[PDB]
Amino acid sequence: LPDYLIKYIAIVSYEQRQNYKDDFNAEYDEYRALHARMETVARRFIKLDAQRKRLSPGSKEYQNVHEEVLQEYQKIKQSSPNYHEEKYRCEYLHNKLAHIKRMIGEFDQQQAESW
């Protein structure tokens, strides 16, 4: 059970909304940087996958794609800090910030229902 689900509960006041928003903003920069790296890393392999699917398996191009997948994966395996630690950090921040934003949005909806 992630800690942010215990910490960030339903909002009861605008001051709480402000605090939640400030906490979101305090990690937003790291989140966006990591997310951008994750998308950039994924893009190369999604591209290689699509190429591999549309190519004849008897073509030199196919072998080239194979090799390029191996080389790029080697780049990822040797990266520092470890790719999997960055990925975990990015998933955690995504769902944490998504949860905080969910609390804020549900609060906004409630407030709009009463005025």
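A residue's number is simply how far along the shown sequence it sits, counting from 1.
task: Would you mind comparing 53 to 61 and 82 to 90 for me and telling me which has the higher average C-alpha temperature factor in the entry?
output: The stretch with the larger average C-alpha B-factor is 53 to 61.
task: Look over 21 to 29 and 103 to 111 in the entry and identify the one with the greater average Cα temperature factor.
output: Higher mean C-alpha B-factor in the PDB entry: 103 to 111.
query: Going by the entry, which third of its chain does the Cα temperature factor of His66 land in?
result: Answer is highest: the recorded C-alpha B-factor places it there.
Entry-reported Cα temperature factor of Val41, expressed as the chain third it lands in: It falls in the top third of the chain.
message: Ranking the modelled residues of this chain by C-alpha B-factor as given in the entry, is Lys75 in the lowest, middle or highest third?
response: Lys75: CA B-factor falls in the middle third of its chain.
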